[PDB]
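Engineer: So that we are looking at the same thing, I have put the structure below in structure tokens.
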Amino acid sequence: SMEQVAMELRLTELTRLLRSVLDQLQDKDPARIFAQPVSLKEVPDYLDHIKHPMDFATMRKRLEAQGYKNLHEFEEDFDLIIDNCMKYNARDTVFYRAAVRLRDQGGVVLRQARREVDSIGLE
């Protein structure tokens, strides 16, 4: 149907915007600490601690499959990256501190993303 195609175009539009947002957020992780999933070979107990692992590569895979229906779902996954890190790692670590900086700098980006999604009406 035509209505279905129009909804699909809206999803494609949202995906384009979120790709730009994802690129901007990942730029705030210059150390690439959050670029890839935590390795279960190198951290074998990780899933005993963290029940829903997340990372930028995994978000990008979901994004390119148009798997985020709205900004809230995208933000959920970004918050997992930060929140998982701040639980597993202690405050005095480069990992925790990178997550704080990513959260703070990312908030700026997500503030304007929300306005743009509302403004152009993408969800």
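Starting from 1 in every chain, residues are counted up; chains themselves are A, B, ... following the order of the structure tokens, and ligands are numbered from 1 as listed.
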When you look at residue 83 (chain A) with a cut-off of 10 Å (counting only C-alpha atoms), what residues show up, excluding the ones that are within fewer than 6 positions of it in the same chain? I need them as a list in words.
Structural biologist: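 What passes the distance filter is residues 50, 53, 54, 77, 96, 99, 100 and 103 of chain A.
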Engineer: Store the residues picked out above, limited to N, CA, C and O atoms, as a short mmCIF file (atom, residue, chain, number, x, y, z; two decimals), in the first residue's frame.
Structural biologist:
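Saved result, part_6.cif, follows:
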```cif
data_model
loop_
_atom_site.label_atom_id
_atom_site.label_comp_id
_atom_site.auth_asym_id
_atom_site.auth_seq_id
_atom_site.Cartn_x
_atom_site.Cartn_y
_atom_site.Cartn_z
N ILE A 50 26.92 -7.93 33.65
CA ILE A 50 26.19 -7.06 32.74
C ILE A 50 25.22 -7.90 31.92
O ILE A 50 25.63 -8.76 31.14
N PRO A 53 24.77 -6.28 27.30
CA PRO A 53 25.94 -5.60 26.74
C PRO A 53 25.58 -4.73 25.56
O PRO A 53 24.64 -5.05 24.82
N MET A 54 26.30 -3.63 25.38
CA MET A 54 26.09 -2.78 24.22
C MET A 54 27.39 -2.07 23.84
O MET A 54 28.29 -1.91 24.66
N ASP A 77 19.87 2.26 23.94
CA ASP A 77 21.11 1.52 23.65
C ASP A 77 22.34 2.37 24.00
O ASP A 77 23.31 1.85 24.55
N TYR A 96 35.70 4.09 33.28
CA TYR A 96 34.60 4.83 33.89
C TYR A 96 34.65 6.31 33.49
O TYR A 96 33.63 6.92 33.17
N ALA A 99 33.43 6.96 30.06
CA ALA A 99 31.97 6.91 30.01
C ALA A 99 31.32 8.20 30.52
O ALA A 99 30.34 8.67 29.95
N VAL A 100 31.86 8.79 31.58
CA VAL A 100 31.34 10.05 32.09
C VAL A 100 31.46 11.14 31.02
O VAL A 100 30.50 11.89 30.78
N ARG A 103 28.98 10.51 28.17
CA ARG A 103 27.65 10.89 28.63
C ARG A 103 27.44 12.40 28.56
O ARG A 103 26.44 12.89 28.03
#
```
Engineer: Within 7 Å of region 30-40 of chain A, counting only C-alpha atoms, which residues show up once you throw out same-chain ones fewer than 3 positions away? Write them as a PyMOL selection string, please.
Structural biologist: chain A and resi 27+43-44+46+54-57
Engineer: Env of residue 95 (chain A): 8 Å cut, atoms = only C-alpha atoms, seq-sep filter 5 positions within chain, self excluded. Answer as a PyMOL selection string.
Structural biologist: chain A and resi 33+85-86+89
Engineer: When you count only C-alpha atoms, which of these residues is closest to residue 105 (chain A): A:84, A:66, A:24, A:93?
Structural biologist: A:24
Engineer: Using only C-alpha atoms for the distances, tell me which of A:17, A:61, A:73, A:82 is nearest to residue 101 (chain A).
Structural biologist: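 Ranked by minimum distance to residue 101 (chain A), first place goes to A:82.
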Engineer: Check the smallest atom-to-atom distance from each of A:59, A:97, A:28, A:41 to residue 75 (chain A) using only C-alpha atoms, then report the winner.
Structural biologist: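 Among the listed residues, A:59 lies closest to residue 75 (chain A).
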Engineer: Please identify all polymer residues within 10 Å of residue 22 (chain A), counting only C-alpha atoms, omitting same-chain residues fewer than 3 positions from it, and present them as a VMD selection string.
Structural biologist: chain A and resid 16 to 19 25 to 27 56 59 to 60 63 74 78 106 109 to 110
Engineer: Just the selected residues (N, CA and C atoms), exported as an mmCIF file, in the first residue's frame, please.
Structural biologist:
```cif
data_model
loop_
_atom_site.group_PDB
_atom_site.id
_atom_site.type_symbol
_atom_site.label_atom_id
_atom_site.label_comp_id
_atom_site.auth_asym_id
_atom_site.auth_seq_id
_atom_site.Cartn_x
_atom_site.Cartn_y
_atom_site.Cartn_z
ATOM 1 N N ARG A 16 18.629 7.862 8.623
ATOM 2 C CA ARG A 16 19.630 8.824 8.164
ATOM 3 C C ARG A 16 20.028 9.795 9.277
ATOM 4 N N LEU A 17 19.039 10.304 10.005
ATOM 5 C CA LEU A 17 19.310 11.239 11.096
ATOM 6 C C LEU A 17 20.087 10.552 12.220
ATOM 7 N N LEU A 18 19.658 9.353 12.605
ATOM 8 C CA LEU A 18 20.329 8.607 13.675
ATOM 9 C C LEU A 18 21.749 8.203 13.279
ATOM 10 N N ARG A 19 21.990 7.995 11.989
ATOM 11 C CA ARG A 19 23.351 7.696 11.554
ATOM 12 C C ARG A 19 24.255 8.897 11.808
ATOM 13 N N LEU A 25 28.178 11.019 18.224
ATOM 14 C CA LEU A 25 28.404 10.461 19.555
ATOM 15 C C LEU A 25 29.714 9.692 19.612
ATOM 16 N N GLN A 26 29.994 8.910 18.575
ATOM 17 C CA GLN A 26 31.196 8.088 18.577
ATOM 18 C C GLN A 26 32.458 8.956 18.495
ATOM 19 N N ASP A 27 32.335 10.142 17.908
ATOM 20 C CA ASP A 27 33.450 11.089 17.907
ATOM 21 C C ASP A 27 33.839 11.539 19.314
ATOM 22 N N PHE A 56 29.186 0.558 20.231
ATOM 23 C CA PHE A 56 28.848 1.295 19.010
ATOM 24 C C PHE A 56 28.723 0.405 17.761
ATOM 25 N N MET A 59 25.324 -1.121 17.834
ATOM 26 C CA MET A 59 24.303 -0.119 17.507
ATOM 27 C C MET A 59 24.278 0.139 16.001
ATOM 28 N N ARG A 60 25.453 0.183 15.385
ATOM 29 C CA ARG A 60 25.531 0.485 13.957
ATOM 30 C C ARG A 60 24.887 -0.635 13.138
ATOM 31 N N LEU A 63 21.179 -0.182 13.451
ATOM 32 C CA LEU A 63 20.802 1.000 12.683
ATOM 33 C C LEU A 63 20.701 0.721 11.185
ATOM 34 N N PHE A 74 16.939 4.205 20.359
ATOM 35 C CA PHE A 74 18.339 4.526 20.094
ATOM 36 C C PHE A 74 19.017 5.014 21.371
ATOM 37 N N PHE A 78 22.321 3.663 23.662
ATOM 38 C CA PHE A 78 23.440 4.527 24.035
ATOM 39 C C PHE A 78 23.617 4.561 25.557
ATOM 40 N N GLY A 106 27.751 13.707 24.962
ATOM 41 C CA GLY A 106 26.677 13.131 24.173
ATOM 42 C C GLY A 106 25.327 13.764 24.447
ATOM 43 N N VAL A 109 24.513 16.549 22.058
ATOM 44 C CA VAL A 109 24.105 16.028 20.760
ATOM 45 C C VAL A 109 22.661 15.512 20.783
ATOM 46 N N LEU A 110 22.315 14.769 21.828
ATOM 47 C CA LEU A 110 20.993 14.169 21.907
ATOM 48 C C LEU A 110 19.908 15.211 22.159
#
```
Engineer: Quick one: of A:72, A:23, A:12, A:51, who's nearest to residue 118 (chain A), counting only C-alpha atoms?
Structural biologist: A:72
Engineer: Would you pick out the contacts of residue 123 (chain A) at 10 Å or less, using only C-alpha atoms, so that residues sharing its chain but fewer than 6 positions from it are not included, and give the list as number ranges by chain?
Structural biologist: A: 7, 10-11, 13-14, 69-72, 117
Engineer: Go through region 5-68 of chain A and collect every residue that DSSP, computed from the backbone, puts in helix (DSSP H, G or I); the answer should be as a ChimeraX atom specification.
Structural biologist: /A:5-26,46-49,56-64
Engineer: Taking only C-alpha atoms into account, name the residue in A:8, A:88, A:102, A:116 that is nearest to residue 48 (chain A).
Structural biologist: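 Under the stated criterion, the closest residue is A:88.
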